[PDB]
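Student: Got a structure for you, questions after.
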Amino acid sequence: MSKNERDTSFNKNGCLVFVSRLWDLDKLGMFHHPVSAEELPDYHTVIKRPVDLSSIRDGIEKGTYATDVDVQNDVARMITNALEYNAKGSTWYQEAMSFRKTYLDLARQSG
């Protein structure tokens, strides 16, 4: 269980803030899967870099990251992509954009 508050390699804080904020943004709740091409024919353009639960869970578990810097950058990119795809105008758009203001902060300021 766990490893350490900080070993200059694994930033558990980033994962907690990421999943925590992600759950809030995704009103549907428990949302963590790649978009279907059938509905997103331009997924390659909108989300050049898709995100999946198995891919993310496997990445952190394996240690794909390198440090607080790598984790921070990854999270930032994920947020940008999500916003680019969720960019509509409804309440979800504002909520996502508003949370994004603290999404990166929580995944960088704590570390």
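Chain labels follow the order of the structure tokens: the first chain is A, the next B, and so on; residue numbering restarts at 1 in every chain, and ligands are counted from 1 in their shown order.
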Once DSSP has gone over the backbone, tell me which residues of chain A are in alpha helix (DSSP H), as a ChimeraX atom specification.
Tutor: /A:12-25,43-46,53-62,68-86,91-106
Student: Create the file for the chosen residues now, containing C-alpha atoms and written as a compact mmCIF listing (two decimals), in the first residue's frame.
Tutor:
```txt
# COMPACT_ATOMS: atom_id res chain seq x y z
CA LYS A 12 0.17 10.20 -5.80
CA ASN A 13 -1.15 13.71 -5.16
CA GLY A 14 -1.50 14.29 -8.90
CA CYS A 15 -3.50 11.09 -9.34
CA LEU A 16 -5.83 11.94 -6.45
CA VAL A 17 -6.47 15.47 -7.69
CA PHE A 18 -6.85 14.25 -11.27
CA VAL A 19 -9.42 11.53 -10.58
CA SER A 20 -11.11 13.77 -8.00
CA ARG A 21 -11.54 16.66 -10.43
CA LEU A 22 -12.37 14.31 -13.30
CA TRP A 23 -15.26 12.83 -11.32
CA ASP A 24 -16.66 16.31 -10.75
CA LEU A 25 -16.37 17.42 -14.37
CA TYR A 43 -11.55 12.18 -32.64
CA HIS A 44 -8.07 12.22 -34.16
CA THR A 45 -8.29 15.99 -34.58
CA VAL A 46 -10.30 16.80 -31.46
CA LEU A 53 -9.02 3.92 -17.49
CA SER A 54 -6.93 0.88 -18.42
CA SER A 55 -4.32 3.10 -20.07
CA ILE A 56 -4.14 5.54 -17.16
CA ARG A 57 -4.32 2.90 -14.43
CA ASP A 58 -1.66 0.87 -16.22
CA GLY A 59 0.52 3.92 -16.76
CA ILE A 60 0.64 4.98 -13.11
CA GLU A 61 0.94 1.38 -11.91
CA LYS A 62 3.85 0.72 -14.26
CA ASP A 68 6.24 15.67 -10.73
CA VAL A 69 7.10 17.49 -13.97
CA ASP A 70 6.06 14.64 -16.27
CA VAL A 71 2.87 14.07 -14.28
CA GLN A 72 1.98 17.76 -14.30
CA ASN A 73 2.48 18.04 -18.06
CA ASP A 74 0.44 14.90 -18.69
CA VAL A 75 -2.47 16.14 -16.57
CA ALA A 76 -2.39 19.54 -18.29
CA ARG A 77 -2.57 17.95 -21.74
CA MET A 78 -5.46 15.71 -20.67
CA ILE A 79 -7.40 18.73 -19.40
CA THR A 80 -6.81 20.71 -22.59
CA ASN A 81 -7.99 17.83 -24.77
CA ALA A 82 -11.06 17.19 -22.62
CA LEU A 83 -12.00 20.87 -22.83
CA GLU A 84 -11.47 20.92 -26.60
CA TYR A 85 -13.92 18.03 -26.95
CA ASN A 86 -16.32 19.17 -24.22
CA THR A 91 -23.34 24.19 -18.22
CA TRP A 92 -20.85 21.36 -18.76
CA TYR A 93 -18.56 23.67 -20.74
CA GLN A 94 -18.45 26.34 -18.04
CA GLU A 95 -18.10 23.76 -15.26
CA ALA A 96 -15.19 22.09 -17.06
CA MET A 97 -13.47 25.40 -17.81
CA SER A 98 -14.03 26.61 -14.24
CA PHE A 99 -12.65 23.41 -12.71
CA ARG A 100 -9.69 23.41 -15.10
CA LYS A 101 -8.58 26.55 -13.27
CA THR A 102 -7.98 24.42 -10.18
CA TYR A 103 -7.37 21.10 -11.94
CA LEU A 104 -3.75 21.85 -12.82
CA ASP A 105 -3.18 23.89 -9.66
CA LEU A 106 -4.17 20.92 -7.49
```
Student: Could you work out how far CA of residue 108 in chain A lies from CA of residue 88 in chain A, giving the answer in Å with one decimal?
Tutor: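 Straight-line distance from CA of residue 88 in chain A to CA of residue 108 in chain A works out to 27.3 Å.
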Student: Find the distance between CA of residue 87 in chain A and CA of residue 47 in chain A and write it in Å to one decimal.
Tutor: 11.8 Å
Student: Please measure the separation of CA of residue 33 in chain A and CA of residue 49 in chain A, giving the value in Å to one decimal.
Tutor: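 One can read the CA of residue 33 in chain A to CA of residue 49 in chain A distance as 12.2 Å.
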